[PDB]
Structure formats: structure tokens, C-alpha cells
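Heads up: the structure comes next, in C-alpha cells.
Note on naming: letters A, B, ... go to the chains in the order of the sequence lines (proteins, then strands), and numbering restarts at 1 for each one. What you see below is based on every heavy atom in this structure, not just the backbone, and it leaves out hydrogens, waters and symmetry mates.
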Amino acid sequence: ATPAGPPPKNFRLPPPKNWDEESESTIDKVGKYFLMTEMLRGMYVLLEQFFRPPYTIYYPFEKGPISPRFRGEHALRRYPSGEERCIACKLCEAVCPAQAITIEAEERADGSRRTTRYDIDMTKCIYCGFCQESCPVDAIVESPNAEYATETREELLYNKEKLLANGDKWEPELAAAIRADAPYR
Amino acid sequence: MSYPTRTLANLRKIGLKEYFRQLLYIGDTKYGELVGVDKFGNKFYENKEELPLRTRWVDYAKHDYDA
Amino acid sequence: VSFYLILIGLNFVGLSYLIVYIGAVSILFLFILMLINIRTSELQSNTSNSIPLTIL
Amino acid sequence: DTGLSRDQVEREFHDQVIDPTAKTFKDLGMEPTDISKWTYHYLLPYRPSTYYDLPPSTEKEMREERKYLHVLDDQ
Amino acid sequence: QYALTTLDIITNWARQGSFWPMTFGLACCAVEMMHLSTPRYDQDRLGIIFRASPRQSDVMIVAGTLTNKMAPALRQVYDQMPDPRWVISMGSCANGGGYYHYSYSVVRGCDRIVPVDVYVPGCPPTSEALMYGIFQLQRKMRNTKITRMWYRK
Amino acid sequence: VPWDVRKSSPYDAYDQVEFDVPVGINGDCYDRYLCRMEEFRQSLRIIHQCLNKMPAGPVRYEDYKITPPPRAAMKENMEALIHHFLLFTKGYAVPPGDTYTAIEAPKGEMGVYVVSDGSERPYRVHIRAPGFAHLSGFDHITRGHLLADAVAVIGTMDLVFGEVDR
Amino acid sequence: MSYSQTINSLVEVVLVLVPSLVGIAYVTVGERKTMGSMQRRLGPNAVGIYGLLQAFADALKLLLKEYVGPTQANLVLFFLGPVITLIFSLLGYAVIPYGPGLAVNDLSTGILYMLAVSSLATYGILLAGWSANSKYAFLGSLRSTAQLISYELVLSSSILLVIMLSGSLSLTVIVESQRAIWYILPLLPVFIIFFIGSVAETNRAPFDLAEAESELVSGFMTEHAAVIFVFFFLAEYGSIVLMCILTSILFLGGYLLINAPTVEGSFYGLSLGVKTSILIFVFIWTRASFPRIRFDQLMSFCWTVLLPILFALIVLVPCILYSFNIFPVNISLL
Amino acid sequence: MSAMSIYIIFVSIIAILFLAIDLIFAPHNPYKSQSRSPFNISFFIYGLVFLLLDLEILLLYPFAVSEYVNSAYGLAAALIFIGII
Amino acid sequence: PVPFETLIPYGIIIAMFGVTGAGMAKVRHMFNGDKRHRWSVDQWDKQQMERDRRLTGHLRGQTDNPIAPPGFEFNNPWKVXXXXX
Ligand code: SF4
Ligand code: SF4
Ligand code: SF4
């Protein structure tokens with residue numbers, strides 16, 4: 001229990017004190033018991049909080065704070081020209097801790113290395129950002145969006161069409177979040 | 001939790017019609033400067049003297065407001 | 001019985017019945033009865049055999 | 001659905017008559033079970049199981065009760 | 001017709017106004033779910049009261065990983081919920097298995113066990129994301145036709 | 001028992017910070033409540049020291065064979081791009097062997113036992129959860145006592161069942 | 001008299017009963033908002049303007065929810081307990097004076113009427129736990145019945161001390177007799193004990209094992225769905241308001257303050273309301289402030305602390321009354 | 001018709017309405033040996049001491065509404081009665 | 001600051017007591033003939049009200065007349081009942 005060597009100085013407690021030896025007067029002792037002084041003090045604390053401002057925000061009219069690093073709904077991004085950023089490296093499919101990404105690829109009609117299938121199973125994804133960290137072209141990113149609850153589970157099986165549409169809609173946020181945090185990446 | 005002086009002031013700055021409409025959706029008496037409007041018609045406001053995280057808020061264009 | 005006593009003007013004793021007999025004696029009876037193991041089958045006497053004596 | 005209607009009262013006088021020129025479970029390779037095989041399964045959750053309702057204790061049961069204390073006097 | 005919509009509005013307003021979930025807080029999603037009752041979001045301000053037993057509850061929030069060993073218990077409490085009732089699947093694990101989809105001991109989505117009305121994504125969904133899903137279910141109740149459904153047939 | 005893993009086997013920067021270890025004497029739920037309340041104050045005391053002692057420099061070990069290179073390096077020079085590619089597809093190789101490593105987690109001694117086979121995947125990962133040992137003692141601490149005290153000791157053990165079951 | 005007696009009784013009953021239920025509904029809304037302000041939060045603010053429709057949403061939701069009764073033990077017995085609890089919880093409002101004699105029944109035995117109807121309400125709780133056919137929930141309802149009868153002894157012992165001062169069981173006479181002084185000053189320990197007993201009598205925190213779900217064996221009220229929950233909850237809020245009204249009647253001077261009939265009546269009603277509302281606030285205040293007492297400790301508090309003090313006060317007080325020639329007259333006066 | 005009789009009827013009527021609503025408009029579906037153990041004697045004691053002490057308080061209530069005529073002599077007997085219990 | 005919205009239900013509760021007090025005072029006063037009612041009515045009080053009715057017709061009626069009208073000596077009500085004696 002104690003470390004090896006001599007006992008720590010004053011580790012042994014002094015002997016217990018009898019009722020007779022208690023250094024506290026009877027009137028104080030009887031008064032606290034019958035008047036419940038510490039319970040009254042605790043109640044007084046609540047009144048102090050009763051007149052302090054509440055912390056509540058009125059969601060969805062107000063929102064809590066999120067950072068440029070926030071990991072939400074996935075999106076596929078473009079270049080300013082509109083070409084897809086994705087070149088089917090499969091780095092995000094390999095690093096994915098949950099095996100949520102499935103990719104197929106060949107040469108496009110113009111001979112470019114592009115995907116034919118890019119699915120993310122949002123009911124397998126653990127929202128960790130590893131794909132976004134592994135992507136060498138900033139193709140896969142997590143948007144700040146978190147309000148996309150769905151009626152059916154099939155609506156959470158994102159294919160390439162769903163993900164490229166998400167990137168088209170969210171691009172100004174995606175660029176702003178990349179703009180703020182890229183120095184730290 | 002508005003407090004009397006806050007709600008009385010915002011009432012004077014907004015009027016009773018606006019006050020009651022605001023009481024019908026957000027359930028508070030809020031007043032601030034119009035920051036802008038989005039494509040859907042939502043109006044966004046700022047007031048830096050509000051409580052933390054309550055300094056920005058949206059008035060939704062649609063009755064069935066959704067986030 | 002308590003309601004009967006109240007309506008004829010015996011208000012104190014009628015309320016005493018409510019407080020004492022229903023309020024405490026009956027509560028004690030149900031506590032003990034509802035804690036003990038009872039098989040209703042073990043408690044059924046053939047009441048038809050007691051009907052002629054019941055009339056007499 | 002009240003389980004009760006004009007055409008339902010009329011329906012209870014009628015008696016199921018089985019067409020003899022119609023395919024049966026035989027044709028499908030099936031052998032229907034009798035309803036009395038299924039009442040206990042489907043109605044078991046509707047039989048009372050309160051302690052009040054067990055049949056009286058056997059003499060075997062009466063004797064073993066005397067091996068236990070039936071009230072906690074220390075509690 | 002107008003009368004039956006009025007009762008429809010009235011009965012739906014009550015279902016939305018007193019939204020009482022039975023939080024089956026299986027794992028870490030229950031922490032985000034527990035943060036909806038705290039001062040910042042104060043679900044009670046909207047009428048949400050968490051209930052311990054399924055008997056008093058209208059909605060089941062499956063917030064956590066459902067193991068095979070636990071599934072019979074989840075089915076049992078769902079069966080003990082009075083109608084009208086709803087189920088919200090919250091989190092990747094409850095939705096489709098999540099990080100443990102390939103585990104020998106995990107149900108690959110609670111919709112294998114109970115029917116689900118709303119799926120909330122995230123591992124974990126934020127407290128606001130959970131609130132968004134509850135809003136969707138309230139909008140679902142608000143559009144539920146009850147007296148007009150019987151009136152159609 | 002005066003024992004803290006941060007004191008007995010220091011890790012990270014706990015040897016560079018000052019803090020006290022609350023210790024009870026009656027081994028009951030009240031002593032354990034008072035130790036945890038004082039741990040609040042020592043945690044805040046450590047955080048203030050970390051704010052002032054925070055040094056400058058990198059936050060990731062500077063070998064791109066173990067940690068991923070900065071994104072600007074990965075898009076700029078050949079060596080960084082290769083190391084980025086390999087770390088996110090194969091992963092870094094860990095020298096073979098085994099170790100039991102423990103820390104003073106908020107719920108007690110958390111340990112992990114890892115066996116490495118030399119490859120990029122661990123051969124064996126076993127997690128020592130303090131809540132597992134604590135709940136295994138529930139019978140020992142509760143036998144002979146009142147049912148109305150069980151909620152007190154379930155709460156006195158810091159019990160999260162993701163720890164217990166894993 | 002001037003108009004029909006039946007019309008008068010209709011109107012008098014409607015004036016007491018209907019606004020009472022409105023007040024009971026908003027005590028539940030006020031409980032949520034008071035604990036919220038104390039908890040740095042808002043409480044109901046969305047169901048109706050300022051959350052003023054929250055209790056009506058709750059009641060309608062539960063009244064349209066499906067009930068899940070026991071395994072067909074009995075239809076009558078299952079509802080019998082809830083019905084008894086609600087009816088007798090509300091019956092005590094009929095002797096409350098909203099002004100001198102301004103009660104549904106201006107009864108000379110009124111104090112004993114209030115005690116009787118409270119004793120008949122404990123039956124519903126006990127008859128519910130048994131009817132649930134669950135030996136786990138029966139023990140909790142049994143413990144709740146033991147707590148209710150034990151603290152009924154605390155309340156009727158405290159009330160006996162007030163009757164010694166006023167010499168009457170008429171609630172009106174008790175109030176009139178406080179124009180001399182509110183009984184909270186001469187009977188200050190009794191008022192504190194009576195308020196504590198009223199909290200325990202209502203299964204309210206810190207005496208709230210009946211609804212406690214975190215305690216392993218507690219939570220008897222927690223298995224009550226739909227209509228049965230409405231019955232039990234309405235009965236409890238109804239008793240909370242009535243224990244606050246009776247506390248104001250006995251110790252805070254009732255309807256007394258600190259020419260037209262309408263305004264005199266309004267002021268008497270308002271003064272009783274202000275005093276009742278303050279005790280409702282304190283009632284909410286203690287639930288938010290304290291942890292929960294164990295069943296064995298709360299029974300020991302009643303039988304080894306409160307009752308021994310009260311029986312000591314039962315000796316002292318009449319001795320003081322005799323020694324100062326202040327034994328009151330028991331005839332109709334005031 | 002006495003205000004107390006109408007009050008009792010109305011309170012009963014409220015209870016029936018609440019039952020009626022949930023019986024008529026709420027949904028209804030057919031959603032519907034035992035071990036034994038000794039019980040705790042403390043439950044019998046709580047009821048026993050409550051009842052016996054409830055009777056003694058009842059017996060003192062006449063004194064509180066008769067203190068003036070009872071005066072000193074009736075107070076002695078009340079004090080004797082209180083001392084014994 | 002002061003959270004007024006939390007205090008609104010208390011204002012409703014306080015106002016409900018006032019409504020009952022004002023309403024009960026008004027209807028009782030109209031019932032009594034536009035005069036304040038009686039309370040703590042004992043047997044002497046009830047008898048005096050019956051004697052007031054057999055002078056004026058109204059249980060609350062007053063007259064300062066030193067001489068009773070003719071037929072007063074004949075209108076003392078003997079009450080009849082069938083069972084409870
Ligand atoms: S998203 Fe990025 S990492 Fe994944 S395949 Fe496309 S380019 Fe490679
Ligand atoms: S966030 Fe993580 S789990 Fe989800 S797809 Fe990207 S790598 Fe896979
Ligand atoms: S989805 Fe993620 S956060 Fe939610 S329970 Fe599963 S692992 Fe935990």
C-alpha cells in the first residue's frame with residue numbers, strides 16, 4: 001500500500017476523537033441539526049442561479065458553434081473548371097476504418113482516370129475524416145452539414161450522383177473550411 | 001428567458017404585431033440588425049449584446065420552418 | 001355506514017369511522033393479506049351444504 | 001369492426017360446404033393441423049398465473065412449508 | 001371534412017407538444033442524447049420529457065450499438081409500448097451496424113429487429129442533429145391523417 | 001492507498017507538472033466522492049500549468065515513415081507523396097514484440113496489451129478496462145448490505161459498459 | 001333567499017372546482033419553469049405562447065394514448081384504485097374558505113373532513129400496486145402506503161396543536177382566529193414540521209421513492225400509462241395545491257390580508273392565492289435542491305424525530321394555554 | 001340541492017369523462033407457478049403503530065374543541081392520558 | 001435578471017384564487033338579497049333566521065317594528081320529517 005522505504009511522515013492518522021473532545025459548541029451543534037443550516041444554504045444557491053441568465057439557445061432559430069474542422073455529411077468536389085477532383089486512387093477506400101467506401105474505376109471516354117462507382121454507406125461511416133485526410137486532391141471532404149436525417153435507411157446509401165450533388169451545393173462552405181484549416185493540414 | 005427590461009425594450013423597437021409573430025415561432029422577443037437574406041428567403045440578424053451563441057439568428061421564410 | 005351516520009347528523013363519529021376503520025384498521029388488514037401466500041382454492045367451502053343451516 | 005353486422009348475422013346461419021372439384025392442400029404437398037393443437041400455444045398468455053389461482057397444496061407441499069420461516073422478524 | 005381535419009390538427013398538436021421518448025441509451029450516442037436535456041438545448045422547453053419505462057413513452061430512440069445478446073430485450077420493450085408509437089434509429093451502429101458491422105456479436109441495424117420511423121446519421125450525431133430528427137418525426141406526426149384516414153375508408 | 005499511475009510511472013508531460021493526489025481513509029462512497037471533487041481542482045491546476053508551459057514546435061513525430069507528411073509537402077516533393085501513399089494504404093510497420101502499457105485514466109488504471117508481429121496490423125490488442133475489474137467486485141462490496149445502497153455503489157464505480165464489454 | 005338553491009350550488013361548485021383545475025394545470029407548468037430557471041434553462045416555452053399550453057398537450061396526449069392493463073385480472077379493480085385516488089384528492093377543496101364562510105361546505109367539523117378524505121385516498125395507491133399483479137411494483141406501492149400513513153400521523157398531530165389555539169375545527173374560525181396573529185409565529189416549529197409532513201404526504205422529493213426510477217426497487221408510479229397516469233398525476237398535483245392551501249389556512253392566516261362585495265372577495269381570494277403560490281414555489285424549490293432520502297431513513301425521521309417532538313409539543317402547548325388563561329371558547333364565535 | 005352533493009357528483013363526472021375518452025378514442029389491441037418469499041415484519045409494525053397512535057390522536061381531538069369547559073381538571077386527565085400513551 | 005416567463009404560471013394560479021373568491025362572494029351576496037352572507041351559523045343563528053322569514057318572508061329580512069303583523073302568532077314553522085328522530 002505505501003511505497004517501500006520508511007512510512008510517509010504523518011501517514012498514520014491520530015486516534016479518533018470522542019464526543020467529549022469535539023471542538024464545537026452544543027448550541028451550534030443543536031442549531032444546525034434542528035434548523036438544517038447547510039440545506040438552507042444549498043437552497044439559497046438555487047435562488048442565486050434563478051436570477052442568473054440561462055444558457056439555453058432557441059434551436060433551430062439559433063445554432064451552436066462548429067469549427068472549420070467539423071466532420072459532417074460527405075461531398076465530392078470539383079476543380080474551378082468543373083472537372084471532378086477524384087482520380088480513383090482508392091486511398092480513401094483503403095484507409096476507411098469501417099469499410100464504408102466502395103469504388104470502381106476505368107478510363108473515361110477521353111482517357112482520364114475517373115470513377116464509375118463512388119458509394120459511401122452512411123450507416124457504416126464513423127465520421128472520422130480519414131478519407132479527407134488521405135485524399136491527395138481534396139476530392140472527398142466532410143461538409144459541416146449535420147441536418148440530413150432520413151425517413152428510410154436506403155436514403156443513406158450515397159452513390160456518386162448524390163455525393164457530387166452534395167459537393168455542388170456545399171462548395172462555398174467546403175472551400176471556406178479548407179481555406180481556414182489547410183495551413184494546419 | 002427574457003427579463004422585463006429586455007422584452008419591454010424589444011417590444012418598443014419592433015411593435016406588438018411583430019412581437020406576437022415572433023412569439024409564434026421563436027418564442028422570444030428578439031431584435032437586431034438585418035445581416036442579409038438567403039436564396040430561400042430566410043432573414044439573418046445579428047446583435048452582439050445578446051447572450052453567447054444567441055448573437056446570430058434566422059427568421060425562416062416558411063411557416064413550416066426546417067433547419 | 002359512515003355515510004349513513006353523517007347524513008343523520010352524527011358527523012364526528014361518522015368521520016371517525018372513515019379515519020379509524022378505513023383509514024388505519026383496513027389498511028393494516030390489506031397489508032397483511034396482500035403479503036401472505038393465499039391459494040383461493042384452499043379457502044372455498046361448499047356453501048350449498050351450509051344453506052339449510054343458514055336459513056334456520 | 002364490431003365483429004357484428006347484418007350480413008354477418010346472416011353468415012352465421014350458413015354452414016361451410018366444401019367444393020369437391022377444387023384443389024386442396026394435398027395438391028400443394030401440405031397437411032393442415034387441427035385447431036385443438038394450437039389453442040394452448042396461442043392462448044397460453046391469457047391463462048391467469050397469479051399465486052391466488054394455484055390448486056390446493058399437496059400433503060407433500062404442506063409438510064415442506066414447515067422447513068421455512070415465512071416472515072422476516074429481524075426486518 | 002373540415003371538422004375531421006380540426007380533430008386531426010388537435011390530436012397531432014398534442015402528439016407533437018408532449019413528445020416523450022424512452023431512451024434506450026445503449027452506448028456513446030446516449031451521451032449526445034443526454035446533452036439534449038441539458039441547459040444549452042433544453043428539450044423540456046419544447047415539451048420533450050425522457051421516460052424510463054416503455055409504458056409511459058411514445059417514441060423509442062435506439063441510441064447505441066445493438067448486440068445480439070441485447071436484441072431480445074429491445075424487442076421486448078418495443079412490444080410494451082402503447083400505440084401510437086414511433087422508433088428513431090440514432091447513430092451509424094443503430095442504423096446499419098456502424099464500426100462493428102463486420103462483428104460476430106452485432107446486429108447490422110436495429111431495423112432487423114424493430115420498424116424504424118426516422119434514421120439520424122452521424123457517429124455520434126450532434127445534439128442538434130438528434131433534434132433535427134425529432135423535428136422530422138414531429139413533422140411526420142403533423143402530417144399524419146387520423147380522422148380523415150378513417151373517413152376515406 | 002496513495003497510488004496514481006501519473007506519479008508512479010509518469011507519461012507525456014505529467015512529470016513536468018505539479019498536482020496533488022486525493023486519498024480517502026474510510027474506503028466508502030463518501031470518501032470516493034470527495035476524492036473526485038478534489039480531482040476537479042487538481043485537473044484545473046494542471047491545465048493552467050500546461051497553458052503556460054506549452055512549447056513551440058511540431059505536434060507530430062518528424063519521420064514521415066510513421067506520421068503522415070503535411071499536405072503541402074505531400075503535393076510538393078516525391079518523397080513526401082510516397083510516404084503519404086504508403087501510410088494510408090499499407091500503414092507503418094511496427095517492430096515485433098509486445099508491451100503492457102498503463103495510464104491513469106479518469107476511471108482508474110487503463111491498460112492495453114499489444115502484440116506486434118512486425119507487420120502493419122497488430123497481432124493482438126487486449127484492453128484492460130478499470131470498469132471491468134470494478135464491476136467484478138460488485139458482489140464482494142455489496143453482499144450482506146441493503147438493496148437500497150446498490151445504486152450508490154454502482155455510481156461510485158465509474159461504469160461505462162463500452163469499457164466493460166469492449 | 002333570492003334565486004334558486006340549485007342554481008347557487010351549481011355556480012358555487014363551478015367557481016371553486018373549475019378554477020382549481022386550471023391552477024393545478026399551471027402548477028405543473030410552473031414546476032417545469034421554476035426548476036428550469038434554477039437549472040439555468042427555460043422550461044416549457046413552445047407549447048402555446050410562453051409554454052402556457054404545455055399541460056393541456058400532456059393531458060390530451062395521455063388521454064388518447066392506449067392503455068395496457070394487467071393480464072385480465074379485473075377491469076373494475078384495475079381502474080378502482082385510480083378513480084378513488086382522484087375523487088378523494090379533489091373532495092378536500094369543498095371545505096376551503098375563500099373568505100369568511102366562502103366555501104362549498106362551511107363545515108364545523110371541516111378539519112376532520114380533510115383528514116378523512118386524505119385517508120381514503122391512500123387506498124387507491126395500495127389497491128393499484130396489488131392490481132398490477134407484479135410483486136416488484138407491489139412492494140414499492142406498499143412502501144409508499146407506509147410512508148403516507150406514517151406522515152398522516154405527523155399532519156394530524158400538528159393540526160391538533162392548531163385546534164388547541166383556535167378551539168374549533170371550522171376552517172373559517174381557524175382563519176378568523178389569526179387576525180390576532182398568524183399561527184406561524186406562536187407555532188413556528190409546528191409549521192416547519194407540518195410543511196415537511198405535507199411534502200412526504202404527497203410523495204414529493206426528497207420523499208419521492210414512489211416515482212424514482214434510478215433507485216433499483218423504487219418507481220411504483222413509473223408503471224402507469226395513458227388514463228391511469230392522468231388519474232394519479234392529477235391527484236398528486238391536486239393534493240400538492242391542497243396541502244399548500246391548508247398550510248396557509250393553518251399557519252399563514254388563510255385569506256387574511258397583510259367596501260364593494262366583488263373587490264373584498266377578490267382581495268381575500270388573492271391573498272389566499274399569493275400565500276398558496278409561495279408555498280407551491282417552496283414545494284418546487286425543495287425538489288430541485290435536495291437528493292433523495294432512503295426508505296429506511298425517511299421512516300426513522302418520522303418516528304424518531306418528528307413524532308417525539310410533536311408529542312412533546314402536545315404536552316407543552318395546553319399547559320401554556322392554561323397557565324396564561326388563554327384556553328379559547330369553543331362556542332360559535334368568529 | 002346542496003353544494004356538497006353537486007360537488008361530489010361533478011368530481012365523479014370528471015373521473016368518468018377521463019375514463020370515457022381513453023376507452024372510446026384511444027386505440028385498443030389484444031396486447032395482453034409464481035415464486036414466494038417471506039415478508040418483512042417492519043410493514044406490520046408501521047401499520048400497527050400508526051393505527052394505535054392514530055386512535056390516541058383521535059381521542060384527543062374532543063379535548064381541543066372543549067378546552068374552555070375542561071379547564072384545569074380536564075387538562076389533568078388529558079395529561080394523564082398523554083403520559084400513559 | 002428576472003425570468004418573468006417562469007413567474008407567469010404563478011400569476012395564473014394567484015388569479016384563479018381571486019376569481020373563486022370574487023365569484024363566490026358575489027353569487028352568495030345576490031342569494032342573500034344584496035347583503036353580505038352569514039358564517040359560523042349555529043342553532044341560535046338558524047332559529048333567528050327562520051324567525052326573520054316568518055316576519056318578512058325572506059330568511060335575511062329585517063324589520064325594526066315593535067308590533068308583529070297579524071298572523072305572526074300563527075306562522076311559527078313546526079318542521080315534519082318521516083324517519084330520522
Ligand atoms: S476521393 Fe480522393 S482518395 Fe478517394 S479515390 Fe477519389 S482521389 Fe482517391
Ligand atoms: S469518415 Fe471515416 S468511416 Fe466515414 S467514409 Fe471517411 S474514412 Fe470511412
Ligand atoms: S454510432 Fe458511433 S457514437 Fe453512436 S453508439 Fe455507435 S460508436 Fe458510439
Angle between ring planes, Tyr59(A) versus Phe135(E), binned at 30° and 60°: parallel, tilted or perpendicular? parallel
So which residue, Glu128(E), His101(E), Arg40(E), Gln136(E), ends up with the most heavy-atom pairs under 4.5 Å with chain A? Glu128(E)
Is chain A contacted by the side chain of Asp117(E), its backbone, both, or neither, given a heavy-atom distance below 4.5 Å? backbone
Heavy-atom closest contact (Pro121(E) atom, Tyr127(A) atom, distance): CB-OH, 3.8 Å
Note: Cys123(E) and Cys125(A) closest approach over all heavy atoms is CB-O, 4.0 Å
Enclosure of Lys32(A) NZ (heavy-atom neighbours >12, cutoff 6.0 Å): yes
Any donor-acceptor pair under 3.5 Å from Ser92(E) side chain to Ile126(A) backbone: no
Would you indicate whether the side-chain heavy atoms of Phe70(A) and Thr126(E) approach each other to under 4.5 Å? yes
Could you pull out the closest heavy-atom pair between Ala98(A) and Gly98(E), with the gap in Å? CB-O, 4.3 Å
Tightest non-hydrogen contact, residues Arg45(E) and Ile57(A), listed as NE-O, 4.1 Å
Identify the residues of residues 136-154 of chain A whose heavy atoms come closer than 4.5 Å to a heavy atom of chain E, ordered by number, or report 'none'. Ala146(A), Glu147(A), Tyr148(A), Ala149(A), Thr150(A), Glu151(A), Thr152(A), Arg153(A)
A side-chain contact here means heavy atoms from C-beta on lying under 4.5 Å apart; do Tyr119(E) and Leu156(A) qualify? yes
Might you confirm whether atom CD of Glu21(A) has over 12 heavy atoms from other residues, nucleotides or ligands at distances under 6.0 Å? yes
Give the member of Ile66(A), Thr56(A), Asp121(A) that has the highest number of heavy-atom pairs under 4.5 Å with chain E. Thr56(A)
Pairwise side-chain contact, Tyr132(E) with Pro60(A), heavy-atom cut-off 4.5 Å (strictly under): no
Got more than 12 heavy atoms from elsewhere within 6.0 Å of CZ, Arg142(E)? yes
Which one, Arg71(A), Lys63(A), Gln99(A), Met122(A), leads in non-hydrogen pairs under 4.5 Å with chain E? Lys63(A)
Side chain, backbone, both or neither: which part of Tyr102(E) has an atom under 4.5 Å from a heavy atom of chain A? side chain
